[PDB]
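Each remark here refers to the structure printed beneath this line.
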Number of protein chains: 2
Amino acid sequence: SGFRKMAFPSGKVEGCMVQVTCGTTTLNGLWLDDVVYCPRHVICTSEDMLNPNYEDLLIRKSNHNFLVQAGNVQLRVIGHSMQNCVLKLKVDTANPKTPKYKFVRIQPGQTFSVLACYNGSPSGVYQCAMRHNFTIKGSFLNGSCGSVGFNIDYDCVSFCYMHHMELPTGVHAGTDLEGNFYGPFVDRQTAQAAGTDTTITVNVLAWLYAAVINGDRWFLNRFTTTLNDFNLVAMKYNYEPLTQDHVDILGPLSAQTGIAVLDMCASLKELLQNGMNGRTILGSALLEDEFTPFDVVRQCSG
Amino acid sequence: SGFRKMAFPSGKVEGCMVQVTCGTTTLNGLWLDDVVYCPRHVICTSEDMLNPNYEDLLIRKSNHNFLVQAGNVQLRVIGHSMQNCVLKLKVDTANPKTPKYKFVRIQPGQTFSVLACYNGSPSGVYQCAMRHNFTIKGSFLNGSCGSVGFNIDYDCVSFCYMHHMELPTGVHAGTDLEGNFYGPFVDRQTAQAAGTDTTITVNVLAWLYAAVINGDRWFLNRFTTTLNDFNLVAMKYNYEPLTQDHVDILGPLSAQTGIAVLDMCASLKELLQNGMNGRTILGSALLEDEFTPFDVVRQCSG
Ligand SMILES: Cn1cc2cc(Nc3nc(=O)n(-c4cccnc4)c(=O)n3Cc3cc(F)c(F)cc3F)c(Cl)cc2n1
Ligand SMILES: Cn1cc2cc(Nc3nc(=O)n(-c4cccnc4)c(=O)n3Cc3cc(F)c(F)cc3F)c(Cl)cc2n1
């Protein structure tokens, strides 16, 4: 047992990470087959980062303006293209370490692992969720642009996030791997504000189930609730409404624990109206919402 | 910015993970050069797991009793040896993916990344600390025996933990890679109890500094404290006494933030005596003690 913020093993992504430089601007790229993917922002200079026109910027570049570094080996760029907010640099060598992969866009509330890199060098791995305002509460410093988020399904890396920038509040914004931003943000060095966030209710319930699986039961109660009355209470606390699809998704955990979803919702209602009274759940003093039902099942069942 | 539970990239360890079977007992091993390291408990049968004599058990085995599986390739065992609680299986192939590595034993309060594996297959990576009672609060299911904990220094993997077992309270016990247990535990399927734990004070202070670096300042105050008066208050709350060496270690964070260590100790004293009054620090409602000063510097500075 035990319950931890768990990321996917990162090796398959580490073997894809490279450094991309254009002019004096540098960041991280993702080398898959004979293409390197990176934020198009790399073709900006300090003069252009505020209000760039990327079509003009790219038309003014050629292959030789792009330096791609894989370890100590320079990959020669033999083509360049823009796809929305990502640059695609065709190189003359296919990555021998290319894993089986796919580009998948994720939904608010789902989770993924982030491999933070600097200068093409992986430095750390952590787990995060896509918030309902399409930001992620990541951990990123200057130089982390182009770091990727991903999930692993069996042997297949599903890339879902490429990091672009930090917002004023310190949360992070990026795109899927087709270069389409998550949320209403643009790759311009302008002060952009994240919208309002909500608590991912289904995830909180999944985490309460994880706690029960690990012997934390003090928050349980004899009461049950209707879905509608739960939602009436939960909206007041900035929680996402719970739907029947969410109940269905929680079916497996409900079965493994013998606690019906609406019964656990009654526990959640009480915790929202009363607080925790100085107690904890799975070592936390607040309700955790960055674990999906799938993450819980993976960690607690296998 | 941002502050997350961050593990080291795991690829270098993933390429070392193998499956070891003896009889019907199976678990994970660590293949480095031409040696596979695993818990000696693998030579136990269900009859022997309660009160084994491992010297007898190993004398009754030969190389052909050990099946080592690296992916789909079977490695032939050509020698076998015991070193304390780890078995060393000499195989006829050196691991081509062997990273530069070392075996280092860690101290209570220090942190490391865990690569949870099952049947030799890496499944997840998370970060944990060695508690003062020499347990770790890990996340492990049946089949995780032999999973390793490690740190990375530049290009060198410092292995520091091999997982053996789960204690009744759900916390975990294991050895260093020379087979020497952390804490007063033995590799016998007997009900063993973890001793009392304490909060890792220096780590809490390091995390308060991380919070200040990320703009969480509400807990700061004008007061300073002496080291002795802080310790008098902190012992009452089950915190480790703070030493001058701990102050020294916190020097860099103190400098980067301009807040003297004893000033932050005054904040910590107040949080201990008053609680958080419904506020949070770096997204947590309780004081976090699994980040060392080094982890904070690595994440917040680079
Ligand atoms: C020589 N040199 C200077 C460079 C500056 C760069 N800008 C950034 N670097 C970053 O690390 N963070 C960043 C910082 C912290 C966490 N997370 C990301 C940026 O936000 N920006 C700003 C930013 C990035 C975008 F991709 C975008 F569309 C709009 C922006 F305002 C980069 Cl990308 C390369 C540099 N090379
Ligand atoms: C066919 N088959 C059955 C096996 C049973 C095995 N026993 C365990 N497996 C484990 O996964 N956990 C475990 C479980 C959860 C978290 N963390 C570790 C054990 O604690 N034990 C118990 C245990 C392990 C030790 F290494 C030890 F010294 C003393 C113990 F009581 C293993 Cl090792 C292989 C098996 N093969």
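Bear in mind these aren't lab numbers, they're just calculated from the coordinates by the rules spelled out. Virtual Cβ from ideal backbone geometry, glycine too; neighbours counted across all protein chains shown.
At 222 nm, what helix-only mean residue ellipticity would chain A give, in deg cm²/dmol to the nearest 500, using -39500 (n - 2.57) for each DSSP H run of four or more?
Values: 8 runs with 67 residues, N = 302.
The per-residue figure over chain A is -6000 deg cm²/dmol.
Say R0 is 30 Å: what FRET efficiency, to the nearest 0.05, do A:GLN83 and B:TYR154 get from their beta-carbon distance?
Rounded to the nearest 0.05, the efficiency is 0.25.
Which of the chymotrypsin sites (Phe, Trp or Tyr not before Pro) across region B:152-249 are loop residues per DSSP, with 10 or fewer other Cβ within 10 Å?
Details: sites: B:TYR154, B:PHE159, B:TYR161, B:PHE181, B:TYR182, B:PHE185, B:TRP207, B:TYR209, B:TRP218, B:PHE219, B:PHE223, B:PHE230, B:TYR237, B:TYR239; in loops: B:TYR154, B:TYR182, B:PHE185, B:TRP218, B:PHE219, B:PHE223, B:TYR237.
Those that pass, being in a loop and sparsely packed, are B:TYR154.
Once the label point is set 7 Å along the Cα-to-beta-carbon vector, what list of distances in nm do you get between B:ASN180 and its counterparts in the other copies?
5.7
Identify which of B:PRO108, B:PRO252, B:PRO99 has the largest mean-square fluctuation in a Gaussian network model of chain B, with springs joining Cα atoms closer than 10 Å.
Taking springs between Cα atoms under 10 Å, the residue moving most is B:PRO252.
Sorted from largest down, what three extents in whole angstroms do the Cα atoms of region B:202-279 have along their principal axes?
33, 29, 20
Apply 1/(1 + (r/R0)^6) to the Cβ-Cβ distance of B:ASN142 and B:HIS64, taking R0 = 35 Å, and write down the FRET efficiency to the nearest 0.05. Intermediate values should be presented prior to the final figure.
Numbers: r = 27 Å, r/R0 = 0.76.
That pair, B:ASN142 with B:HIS64, gives E of 0.85.
Please report the relative contact order for chain A, taking Cα pairs under 8 Å with a sequence separation of at least 6, and give it as a percent rounded to a whole number. Each step should come with its number before you reach the end.
Working: 607 pairs, mean separation 51.8, N = 302.
It comes to 17 percent, rounded to a whole number.
Karplus couplings for region A:124-130 from phi (6.51 cos²θ - 1.76 cosθ + 1.60, θ = phi - 60°), rounded to Hz, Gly and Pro as x?
Ordered by residue, 3J(HN,Hα) equals x, 9, 8, 10, 8, 10, 7 Hz.
As a quick test, which of the pairs A:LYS137/B:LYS12; B:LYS12/B:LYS236; B:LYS5/B:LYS102; A:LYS12/B:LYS88 have an alpha carbon distance above 32 angstrom in this structure?
Working: A:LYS137/B:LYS12 27 Å; B:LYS12/B:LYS236 43 Å; B:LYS5/B:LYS102 24 Å; A:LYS12/B:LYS88 28 Å.
Among A:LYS137/B:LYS12; B:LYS12/B:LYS236; B:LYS5/B:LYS102; A:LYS12/B:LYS88, the Cα-Cα distance tops 32 Å for B:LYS12/B:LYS236.
If one computes the Cα centroid of region A:202-222 and of region B:136-173, what distance in Å separates the two points?
25
Given a Förster distance of 45 Å, report the FRET efficiency between B:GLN273 and A:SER121 from their Cβ-Cβ distance, rounded to the nearest 0.05.
Working: r = 44 Å, r/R0 = 0.98.
Calculated value: 0.55.
Once you have a ≥ b ≥ c as the square roots of the Cα gyration tensor eigenvalues for region A:82-220, tell me rounded if a/c is under 1.5, and otherwise prolate or oblate according to whether a/b is larger than b/c.
On the way: a/c = 2.14, a/b = 1.40, b/c = 1.53.
The shape class here is oblate.
Out of residues 5 or more away from A:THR225 or on other chains, whose amide H comes under 5 Å of its own, with H placed 1.01 Å from N in the peptide plane?
Here A:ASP263, A:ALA266 satisfy the definition.
Note down the Stokes-Einstein diffusion coefficient of region A:58-136 in µm²/s, whole number, using a Kirkwood radius over alpha carbon pairs, 25 °C, and 0.890 mPa s. Before the final figure, lay out the partial values.
Working: Rh = 15.5 Å.
For the chosen part, D equals 158 µm²/s.
Pick from A:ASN142, A:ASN72, A:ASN119 the residue whose mean-square fluctuation is largest in a GNM of chain A, springs joining Cα atoms under 10 Å.
Checking each option, the largest mean-square fluctuation is seen for A:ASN72.
Alpha carbons only, please: Rg and Dmax for chain A, in angstrom.
For chain A, the Cα radius of gyration and maximum Cα-Cα distance read 21.6, 69 Å.
Between A:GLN189 and A:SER284, what is the label-to-label distance in nm when each label sits 7 Å out along the Cα-to-Cβ direction?
With each label point 7 Å from Cα toward Cβ, the separation is 3.6 nm.
Relative to 2.2 N^0.38 Å, what does the C-alpha radius of gyration of region B:15-91 come to as a ratio? Two decimals please. Mind dumping the intermediate values first?
On the way: Rg = 11.5 Å, N = 77, 2.2 N^0.38 = 11.5 Å.
Compared with the compact-globule rule of thumb, region B:15-91 sits at 1.00.
When only DSSP loop residues count, what chymotrypsin sites (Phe, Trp or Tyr not before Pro) in region B:29-118 have their Cβ near at most 15 other Cβ atoms within 10 Å?
Working: sites: B:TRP31, B:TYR37, B:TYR54, B:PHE66, B:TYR101, B:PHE103, B:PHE112, B:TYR118; in loops: none.
Passing sites in region B:29-118 do not exist.
Which trypsin sites (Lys or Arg not before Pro) does region A:10-95 hold that lie in a coil by DSSP with at most 10 other beta carbons within 10 Å? Before the final figure, lay out each step's value.
Numbers: sites: A:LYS12, A:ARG40, A:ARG60, A:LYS61, A:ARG76, A:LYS88, A:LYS90; in loops: A:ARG60, A:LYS61, A:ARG76.
Listed in order of number, the matching sites are A:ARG60.
Jot down the radius of gyration and Dmax of region A:1-42, Cα atoms only, both in angstrom.
That works out to 14.7, 51 Å for Rg and Dmax.
With the label 7 angstrom out along Cα to Cβ, how close does A:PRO252 come to the same site in each of the other copies, in nm, nearest first?
Once sorted, the set of distances for A:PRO252 reads 4.2 nm.
Considering chain A as a Gaussian network with a 10 Å cut-off on Cα pairs, which listed residue, A:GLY174, A:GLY283, A:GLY120, attains the greatest mean-square fluctuation?
Of A:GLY174, A:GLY283, A:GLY120, the Gaussian network model singles out A:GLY283 as fluctuating most.
Just to be sure I understand: if I project the alpha-carbon convex hull of the protein assembly as shown onto a plane and average over all orientations, what area do I get in nm²? Provide the component values of the computation, followed by the final result.
Details: hull surface 113.1 nm².
Average of the hull's projected areas for the protein assembly as shown equals 28.3 nm².
Counting partner chain Cβ atoms within 10 Å of every residue's Cβ in A:124-130, what's the average? Spell out each step's value before the answer.
Working: counts 12, 11, 10, 7, 2, 0, 0.
That works out to 6 on average.
Expressed as cubic angstrom per residue, what is the convex hull volume of the alpha carbon set of region B:137-290?
Numbers: hull volume 24.6 nm³, N = 154.
With only Cα atoms used, region B:137-290 gives 160 Å³ per residue.
Rounded to the nearest 20 Debye, what is the dipole magnitude of the protein assembly as shown about its Cα centre when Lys and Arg each give +1 and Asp and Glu each give -1 at the C-beta?
On the way: 44 positive and 52 negative charges, 76 e Å.
Approximately 360 debye in magnitude.
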